[PDB]
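query-v6.txt follows (compact mmCIF, C-alpha atoms and all ligand atoms):
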# COMPACT_ATOMS: atom_id res chain seq x y z
CA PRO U 1 93.17 106.32 96.49
CA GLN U 2 92.81 105.75 92.80
CA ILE U 3 93.73 108.38 90.23
CA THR U 4 92.49 108.09 86.69
CA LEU U 5 94.49 109.51 83.81
CA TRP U 6 91.89 111.51 81.88
CA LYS U 7 93.67 114.62 83.12
CA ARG U 8 97.13 115.19 84.53
CA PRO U 9 97.47 113.35 87.89
CA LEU U 10 98.12 116.40 90.01
CA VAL U 11 98.03 116.20 93.82
CA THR U 12 98.92 118.50 96.66
CA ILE U 13 102.37 118.07 98.22
CA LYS U 14 104.00 119.64 101.24
CA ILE U 15 107.73 120.41 100.98
CA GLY U 16 109.90 122.92 102.82
CA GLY U 17 106.85 124.09 104.83
CA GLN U 18 105.02 124.97 101.59
CA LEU U 19 101.98 123.47 99.82
CA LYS U 20 102.41 122.90 96.07
CA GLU U 21 100.70 120.99 93.30
CA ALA U 22 102.72 118.19 91.66
CA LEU U 23 102.38 115.56 88.98
CA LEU U 24 102.59 111.86 89.92
CA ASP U 25 104.96 110.68 87.21
CA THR U 26 105.77 107.02 86.60
CA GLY U 27 108.04 108.09 83.74
CA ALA U 28 110.38 110.09 86.00
CA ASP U 29 113.19 108.32 87.81
CA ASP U 30 113.70 111.30 90.11
CA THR U 31 111.60 114.07 91.71
CA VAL U 32 111.98 117.58 90.29
CA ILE U 33 110.57 120.55 92.17
CA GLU U 34 110.27 124.13 91.05
CA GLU U 35 112.80 126.65 92.29
CA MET U 36 112.50 126.96 96.08
CA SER U 37 114.92 128.08 98.77
CA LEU U 38 115.37 124.80 100.62
CA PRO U 39 117.82 124.90 103.52
CA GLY U 40 121.17 123.22 103.68
CA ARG U 41 123.71 121.63 101.44
CA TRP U 42 123.09 120.43 97.91
CA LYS U 43 125.09 119.03 94.97
CA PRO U 44 124.95 120.23 91.31
CA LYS U 45 123.28 117.83 88.88
CA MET U 46 122.06 117.81 85.30
CA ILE U 47 118.97 115.89 84.30
CA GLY U 48 117.51 115.14 80.91
CA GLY U 49 113.98 115.26 79.60
CA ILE U 50 112.55 115.20 76.15
CA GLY U 51 114.19 118.26 74.81
CA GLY U 52 117.61 118.03 76.56
CA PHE U 53 119.18 118.73 79.92
CA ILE U 54 118.68 121.26 82.63
CA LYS U 55 120.71 122.15 85.71
CA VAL U 56 119.27 121.35 89.11
CA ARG U 57 120.32 121.31 92.77
CA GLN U 58 120.20 117.89 94.41
CA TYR U 59 118.99 117.92 98.01
CA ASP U 60 119.06 114.69 99.96
CA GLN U 61 116.83 113.41 102.78
CA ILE U 62 114.09 115.96 102.11
CA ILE U 63 110.83 115.43 103.97
CA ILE U 64 107.84 115.66 101.65
CA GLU U 65 104.16 114.77 102.00
CA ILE U 66 102.44 113.56 98.86
CA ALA U 67 98.63 113.51 98.96
CA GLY U 68 98.81 113.02 102.70
CA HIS U 69 101.52 110.29 102.60
CA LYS U 70 104.82 111.16 104.21
CA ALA U 71 108.00 110.45 102.26
CA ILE U 72 111.71 111.24 102.57
CA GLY U 73 114.36 111.21 99.86
CA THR U 74 116.18 113.13 97.18
CA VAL U 75 114.59 116.16 95.56
CA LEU U 76 116.06 117.99 92.56
CA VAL U 77 115.28 121.72 92.51
CA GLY U 78 115.42 123.82 89.40
CA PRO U 79 113.51 125.66 86.69
CA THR U 80 110.69 123.26 85.85
CA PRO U 81 107.23 124.42 84.82
CA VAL U 82 105.69 121.52 86.75
CA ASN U 83 106.57 119.79 89.95
CA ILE U 84 107.19 116.10 89.21
CA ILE U 85 107.00 113.31 91.77
CA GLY U 86 109.12 110.50 90.35
CA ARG U 87 109.59 106.86 91.20
CA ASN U 88 112.07 107.47 94.02
CA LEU U 89 109.16 108.86 96.05
CA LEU U 90 106.20 107.06 94.39
CA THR U 91 107.62 103.75 95.67
CA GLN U 92 107.67 105.10 99.21
CA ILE U 93 103.98 105.86 99.14
CA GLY U 94 103.18 102.42 97.70
CA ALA U 95 102.00 103.61 94.28
CA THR U 96 101.32 101.24 91.43
CA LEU U 97 100.01 101.46 87.89
CA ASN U 98 97.13 99.07 87.27
CA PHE U 99 95.31 97.90 84.15
CA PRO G 1 98.55 93.71 85.71
CA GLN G 2 99.67 95.65 88.76
CA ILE G 3 103.02 97.32 88.06
CA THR G 4 105.24 98.57 90.87
CA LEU G 5 107.75 101.35 90.46
CA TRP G 6 111.07 100.02 91.86
CA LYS G 7 112.11 99.69 88.23
CA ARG G 8 111.12 101.76 85.22
CA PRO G 9 107.68 100.56 84.06
CA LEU G 10 108.85 99.31 80.69
CA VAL G 11 106.59 97.09 78.65
CA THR G 12 106.62 95.65 75.17
CA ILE G 13 104.53 97.40 72.56
CA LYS G 14 103.68 96.45 68.98
CA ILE G 15 103.50 99.36 66.57
CA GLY G 16 103.41 99.10 62.76
CA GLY G 17 103.85 95.35 63.35
CA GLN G 18 107.19 95.84 65.13
CA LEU G 19 108.02 95.06 68.73
CA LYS G 20 109.53 97.85 70.80
CA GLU G 21 109.97 98.60 74.53
CA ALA G 22 108.25 101.64 75.93
CA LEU G 23 107.79 103.40 79.26
CA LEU G 24 104.30 103.71 80.81
CA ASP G 25 104.36 107.41 81.64
CA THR G 26 101.62 109.06 83.71
CA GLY G 27 103.51 112.39 83.51
CA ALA G 28 103.21 112.53 79.69
CA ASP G 29 100.10 113.93 77.98
CA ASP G 30 101.15 112.34 74.67
CA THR G 31 102.82 109.19 73.33
CA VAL G 32 106.24 109.67 71.74
CA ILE G 33 108.10 106.94 69.90
CA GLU G 34 111.64 106.99 68.48
CA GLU G 35 112.18 107.63 64.78
CA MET G 36 110.85 104.75 62.74
CA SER G 37 109.06 104.00 59.50
CA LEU G 38 105.35 103.87 60.27
CA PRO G 39 102.42 103.36 57.96
CA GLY G 40 99.90 106.12 58.05
CA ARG G 41 99.74 109.85 57.24
CA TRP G 42 101.47 112.41 59.44
CA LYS G 43 101.82 116.11 60.02
CA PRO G 44 104.61 118.12 61.61
CA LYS G 45 104.22 119.06 65.25
CA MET G 46 106.31 120.22 68.21
CA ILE G 47 106.18 118.78 71.70
CA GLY G 48 107.94 119.79 74.86
CA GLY G 49 109.07 118.72 78.25
CA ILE G 50 112.12 119.18 80.43
CA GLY G 51 114.87 120.55 78.30
CA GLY G 52 112.60 122.21 75.73
CA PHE G 53 110.90 121.17 72.52
CA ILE G 54 111.46 118.72 69.75
CA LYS G 55 109.98 118.36 66.29
CA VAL G 56 107.92 115.22 65.75
CA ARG G 57 105.71 113.55 63.13
CA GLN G 58 102.11 113.37 64.43
CA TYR G 59 100.31 110.22 63.30
CA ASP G 60 96.62 109.95 64.22
CA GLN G 61 94.57 106.86 64.62
CA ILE G 62 97.45 104.40 64.92
CA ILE G 63 96.79 100.85 66.12
CA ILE G 64 99.23 99.88 68.92
CA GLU G 65 99.35 97.04 71.42
CA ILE G 66 100.67 97.92 74.89
CA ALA G 67 101.52 94.98 77.13
CA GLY G 68 98.95 92.95 75.18
CA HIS G 69 96.15 95.61 75.32
CA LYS G 70 94.88 97.40 72.23
CA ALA G 71 94.80 101.16 71.76
CA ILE G 72 94.13 103.24 68.64
CA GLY G 73 95.20 106.86 68.85
CA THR G 74 97.79 109.51 68.26
CA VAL G 75 101.48 108.63 68.20
CA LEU G 76 104.19 111.25 67.90
CA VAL G 77 107.36 109.95 66.19
CA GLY G 78 110.66 111.76 66.65
CA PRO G 79 113.98 111.94 68.41
CA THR G 80 112.74 111.23 71.87
CA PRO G 81 115.33 109.81 74.29
CA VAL G 82 112.99 106.95 75.25
CA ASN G 83 109.74 105.50 73.91
CA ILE G 84 106.92 106.88 76.06
CA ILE G 85 103.31 105.78 76.36
CA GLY G 86 101.43 108.82 77.63
CA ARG G 87 97.99 109.38 79.02
CA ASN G 88 96.28 109.55 75.62
CA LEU G 89 96.85 105.78 75.33
CA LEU G 90 97.08 104.82 79.01
CA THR G 91 93.45 105.86 79.34
CA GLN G 92 92.54 103.57 76.43
CA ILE G 93 93.99 100.53 78.18
CA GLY G 94 92.21 101.50 81.47
CA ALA G 95 95.35 102.34 83.44
CA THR G 96 95.08 104.02 86.79
CA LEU G 97 97.47 105.04 89.56
CA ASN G 98 96.75 103.54 92.94
CA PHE G 99 98.21 104.04 96.41
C1 LIG V 101 103.14 123.17 82.78
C2 LIG V 101 103.00 122.69 81.36
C3 LIG V 101 104.26 123.08 80.51
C4 LIG V 101 102.77 121.27 81.12
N1 LIG V 101 102.62 120.68 79.97
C5 LIG V 101 102.37 119.35 80.15
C6 LIG V 101 102.15 118.46 78.94
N2 LIG V 101 103.42 118.13 78.28
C7 LIG V 101 104.14 119.14 77.50
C8 LIG V 101 103.95 116.88 78.47
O1 LIG V 101 103.29 116.03 79.08
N3 LIG V 101 105.16 116.57 77.94
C9 LIG V 101 105.69 115.19 78.18
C10 LIG V 101 106.86 115.30 79.14
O2 LIG V 101 108.03 115.51 78.85
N4 LIG V 101 106.40 115.17 80.38
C11 LIG V 101 107.20 115.33 81.56
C12 LIG V 101 106.74 116.46 82.52
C13 LIG V 101 106.84 117.84 81.91
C14 LIG V 101 105.76 118.34 81.19
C15 LIG V 101 105.89 119.60 80.65
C16 LIG V 101 107.01 120.42 80.87
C17 LIG V 101 108.10 119.88 81.56
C18 LIG V 101 107.99 118.61 82.07
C19 LIG V 101 107.28 114.07 82.43
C20 LIG V 101 107.67 112.79 81.68
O3 LIG V 101 107.29 111.70 82.49
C21 LIG V 101 109.15 112.71 81.23
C22 LIG V 101 109.29 111.47 80.34
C23 LIG V 101 110.71 111.21 79.81
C24 LIG V 101 111.36 110.08 80.21
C25 LIG V 101 112.66 109.89 79.85
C26 LIG V 101 113.25 110.64 78.86
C27 LIG V 101 112.54 111.71 78.31
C28 LIG V 101 111.26 111.99 78.82
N5 LIG V 101 110.03 112.60 82.38
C29 LIG V 101 110.94 113.53 82.62
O4 LIG V 101 110.96 114.67 82.23
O5 LIG V 101 112.01 113.10 83.34
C30 LIG V 101 112.32 111.82 82.80
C31 LIG V 101 113.71 111.29 83.10
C32 LIG V 101 114.68 110.80 82.28
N6 LIG V 101 115.25 109.52 82.42
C33 LIG V 101 114.65 108.97 83.38
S1 LIG V 101 113.48 109.95 84.17
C34 LIG V 101 105.74 114.18 77.14
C35 LIG V 101 104.94 114.57 75.87
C36 LIG V 101 106.99 113.44 76.83
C37 LIG V 101 102.31 118.94 81.46
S2 LIG V 101 102.62 120.26 82.46
CL CL V 102 95.04 117.74 82.51
Can I see the file as structure tokens?
Ligand SMILES: CC(C)c1nc(CN(C)C(=O)N[C@H](C(=O)N[C@@H](Cc2ccccc2)C[C@H](O)[C@H](Cc2ccccc2)NC(=O)OCc2cncs2)C(C)C)cs1
Ligand SMILES: [Cl-]
Amino acid sequence: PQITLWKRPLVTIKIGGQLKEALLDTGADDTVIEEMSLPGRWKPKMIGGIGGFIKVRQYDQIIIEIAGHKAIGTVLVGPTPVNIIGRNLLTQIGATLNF
Amino acid sequence: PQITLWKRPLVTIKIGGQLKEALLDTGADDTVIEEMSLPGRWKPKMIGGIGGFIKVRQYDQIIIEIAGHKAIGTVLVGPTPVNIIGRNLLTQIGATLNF
């Protein structure tokens, strides 16, 4: 598919057995998902945006479907106002920016 | 070009006649450049992301070249951690996400 950028590039994702909306974000190294009770072990992390740092929980090897494309990798969970799919998962679904 | 996402999608920009590197950022509504001297009028603004808000100088109608492609639009100048080209200018250069 092709997604234009006139509005935020939001798609449906499936994570943890839940459907959510998330932003496809070429400017994010990592994937940051809103607070959710994912099972299993995690590691504390701090990540920085414009603005400063926030505390997140790093979960590894998390299965996630992005606009129908299955992916597996690290997901950072914490208090974000928007779910962000970053390059660690965008590469897995073969996404490019084109102009 | 087609830009893959294994690496950060950094490109060279020309702004105020100066070369800088900036990140092509589909998750950003706006374009935010590090503190610099820039010709043109400005007004104070705030912009936010992960970590909270920062104060910026909003410059409208600024001529900028992004990877060799011309855009003319709003540039926010302030203490951003990295130079970001957001959707307001990615749309001008005809960028899309594809997978
Ligand atoms: C729900 C509501 C609050 C929303 N507002 C918006 C519109 N807004 C404010 C933005 O787009 N704001 C932008 C932004 O930070 N966008 C963000 C998503 C977001 C939006 C709002 C609230 C929280 C997160 C998404 C952006 O790609 C930023 C860009 C960035 C890159 C490196 C260093 C600093 C910043 N990426 C990150 O936050 O993580 C970046 C990481 C740092 N180093 C490598 S990756 C820019 C202006 C910089 C979208 S959703
Ligand atoms: Cl939008």
Site check for ligand LIG 101 (chain V): residues at most 6 Å away, all atoms listed in the file, as a JSON list (two decimals) with C-alpha atoms, in the coordinates of the input:
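pocket_6.json written:
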[["chain", "number", "residue", "atom", "x", "y", "z"],
["U", 25, "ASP", "CA", 104.96, 110.68, 87.21],
["U", 27, "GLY", "CA", 108.04, 108.09, 83.74],
["U", 28, "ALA", "CA", 110.38, 110.09, 86.00],
["U", 29, "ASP", "CA", 113.19, 108.32, 87.81],
["U", 48, "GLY", "CA", 117.51, 115.14, 80.91],
["U", 49, "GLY", "CA", 113.98, 115.26, 79.60],
["U", 50, "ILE", "CA", 112.55, 115.20, 76.15],
["U", 81, "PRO", "CA", 107.23, 124.42, 84.82],
["U", 82, "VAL", "CA", 105.69, 121.52, 86.75],
["G", 25, "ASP", "CA", 104.36, 107.41, 81.64],
["G", 27, "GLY", "CA", 103.51, 112.39, 83.51],
["G", 28, "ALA", "CA", 103.21, 112.53, 79.69],
["G", 29, "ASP", "CA", 100.10, 113.93, 77.98],
["G", 30, "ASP", "CA", 101.15, 112.34, 74.67],
["G", 48, "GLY", "CA", 107.94, 119.79, 74.86],
["G", 49, "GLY", "CA", 109.07, 118.72, 78.25],
["G", 50, "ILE", "CA", 112.12, 119.18, 80.43],
["G", 81, "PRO", "CA", 115.33, 109.81, 74.29],
["G", 82, "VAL", "CA", 112.99, 106.95, 75.25]]
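Across the model, the gap from CA of residue 65 in chain G to CA of residue 22 in chain G is 11.0 Å.
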- Note on the structure: Restricting to all atoms listed in the file, whichever of G:74, G:26, G:31, G:12 is closest to chain U is G:26
Using only C-alpha atoms, find which residues of chain G lie within 9 Å of chain U and jot them down as a PDB file with C-alpha atoms, keeping the file's coordinate frame.
ATOM      1  CA  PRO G   1      98.550  93.710  85.710  1.00  0.00           C
ATOM      2  CA  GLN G   2      99.670  95.650  88.760  1.00  0.00           C
ATOM      3  CA  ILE G   3     103.020  97.320  88.060  1.00  0.00           C
ATOM      4  CA  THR G   4     105.240  98.570  90.870  1.00  0.00           C
ATOM      5  CA  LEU G   5     107.750 101.350  90.460  1.00  0.00           C
ATOM      6  CA  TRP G   6     111.070 100.020  91.860  1.00  0.00           C
ATOM      7  CA  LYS G   7     112.110  99.690  88.230  1.00  0.00           C
ATOM      8  CA  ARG G   8     111.120 101.760  85.220  1.00  0.00           C
ATOM      9  CA  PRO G   9     107.680 100.560  84.060  1.00  0.00           C
ATOM     10  CA  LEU G  23     107.790 103.400  79.260  1.00  0.00           C
ATOM     11  CA  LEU G  24     104.300 103.710  80.810  1.00  0.00           C
ATOM     12  CA  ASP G  25     104.360 107.410  81.640  1.00  0.00           C
ATOM     13  CA  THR G  26     101.620 109.060  83.710  1.00  0.00           C
ATOM     14  CA  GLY G  27     103.510 112.390  83.510  1.00  0.00           C
ATOM     15  CA  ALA G  28     103.210 112.530  79.690  1.00  0.00           C
ATOM     16  CA  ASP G  29     100.100 113.930  77.980  1.00  0.00           C
ATOM     17  CA  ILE G  47     106.180 118.780  71.700  1.00  0.00           C
ATOM     18  CA  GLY G  48     107.940 119.790  74.860  1.00  0.00           C
ATOM     19  CA  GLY G  49     109.070 118.720  78.250  1.00  0.00           C
ATOM     20  CA  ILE G  50     112.120 119.180  80.430  1.00  0.00           C
ATOM     21  CA  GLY G  51     114.870 120.550  78.300  1.00  0.00           C
ATOM     22  CA  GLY G  52     112.600 122.210  75.730  1.00  0.00           C
ATOM     23  CA  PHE G  53     110.900 121.170  72.520  1.00  0.00           C
ATOM     24  CA  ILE G  54     111.460 118.720  69.750  1.00  0.00           C
ATOM     25  CA  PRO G  79     113.980 111.940  68.410  1.00  0.00           C
ATOM     26  CA  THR G  80     112.740 111.230  71.870  1.00  0.00           C
ATOM     27  CA  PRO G  81     115.330 109.810  74.290  1.00  0.00           C
ATOM     28  CA  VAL G  82     112.990 106.950  75.250  1.00  0.00           C
ATOM     29  CA  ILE G  84     106.920 106.880  76.060  1.00  0.00           C
ATOM     30  CA  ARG G  87      97.990 109.380  79.020  1.00  0.00           C
ATOM     31  CA  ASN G  88      96.280 109.550  75.620  1.00  0.00           C
ATOM     32  CA  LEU G  90      97.080 104.820  79.010  1.00  0.00           C
ATOM     33  CA  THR G  91      93.450 105.860  79.340  1.00  0.00           C
ATOM     34  CA  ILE G  93      93.990 100.530  78.180  1.00  0.00           C
ATOM     35  CA  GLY G  94      92.210 101.500  81.470  1.00  0.00           C
ATOM     36  CA  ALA G  95      95.350 102.340  83.440  1.00  0.00           C
ATOM     37  CA  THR G  96      95.080 104.020  86.790  1.00  0.00           C
ATOM     38  CA  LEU G  97      97.470 105.040  89.560  1.00  0.00           C
ATOM     39  CA  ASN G  98      96.750 103.540  92.940  1.00  0.00           C
ATOM     40  CA  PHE G  99      98.210 104.040  96.410  1.00  0.00           C
TER      41      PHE G  99
END
- Could you check how far CA of residue 39 in chain G sits from CA of residue 15 in chain G, in Å to one decimal?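 Distance reported for this atom pair: 9.6 Å.
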- Of the candidates U:63, U:70, U:13, U:78, which shows the shortest atom-to-atom distance to residue 45 in chain U, using only C-alpha atoms?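 For residue 45 in chain U, the nearest of the given residues is U:78.
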